[PDB]
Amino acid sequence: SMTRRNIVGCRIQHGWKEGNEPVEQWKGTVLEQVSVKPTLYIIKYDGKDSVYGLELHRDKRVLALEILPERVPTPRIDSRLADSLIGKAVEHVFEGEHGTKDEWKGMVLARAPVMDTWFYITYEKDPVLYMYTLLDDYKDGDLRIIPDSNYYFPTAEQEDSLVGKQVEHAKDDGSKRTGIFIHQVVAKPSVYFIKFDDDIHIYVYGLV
């Protein structure tokens, strides 16, 4: 009945009411509307490094959704350099308690949609999708790349393009949760993103 511009590329704000916690105010920018599940949006919220998947129009936790008129920037950066980081295993330095710089092994997956000066990155010990302006880490010397790496993703078993196909995650407690493959990483074709129904995060998996 209607064909319209979607909200990908727009700035948004909305309340977030969950459990018994008080209401917070979220602001972010919509990166993608998932083709295989168009109720699902991928959002980078401000002040949150982890990328969220939310059914913005259906999720009861999302209150008074509003599209902001604010425009998204296209910052000046070394493009070839940015491209050269894609697919690289890295050692990413973070600040640890109590005074200890920590090295997190990670894998740069892609330049993010919409905010293309930011990078999709996941970590071996924390295999969900994160987003940073990595060139500022690399310039500050907090990003060492590992040209010859042995990187481990969590494994997804099969049983033929997988995006759009459903999964179950069988937990150690014997319970299961449902999800679906929403993305195949262009630079790393055996690596996929999965969204579980019961969880906000975007999970990064590899195929055998």
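When you see a residue number, it is the position in the sequence shown, counting from 1.
Novice: Which class fits the unmodelled deposited stretch between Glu159 and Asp160: none, 1 to 3, 4 to 9, or 10 or more?
Specialist: Some 4 to 9 residues are missing between them.
Novice: Averaging the C-alpha B factors as listed in the entry, name the stretch that ends up higher: 111-119 or 93-101.
Specialist: Per the PDB record, 93-101.
Novice: Out of 126-134 and 74-82, which one has CA B-factors that are higher on average in the deposited record?
Specialist: It is 74-82 that shows the higher mean C-alpha B-factor.
Novice: Using the entry's values, work out which of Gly179, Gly141, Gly53, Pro154 has the largest Cα B factor.
Specialist: The record points to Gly141.
Novice: Quick one: classify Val8 as lowest, middle or highest third of the chain based on its Cα B-factor.
Specialist: Within its chain, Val8 is a lowest-third residue by C-alpha B-factor, going by the deposited values.
Novice: Just say lowest, middle or highest third for the CA B-factor of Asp148 relative to the other modelled residues in its chain.
Specialist: It falls in the top third of the chain.
Novice: Lowest, middle or highest third: where is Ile202 by Cα B-factor in its chain?
Specialist: Bottom third by C-alpha B-factor.
Novice: So where's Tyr45 on the chain's Cα temperature factor ranking, which third?
Specialist: It falls in the middle third of the chain.
Novice: By the recorded C-alpha temperature factor, relative to the other modelled residues in its chain, which third is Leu68 in?
Specialist: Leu68: CA B-factor falls in the highest third of its chain.
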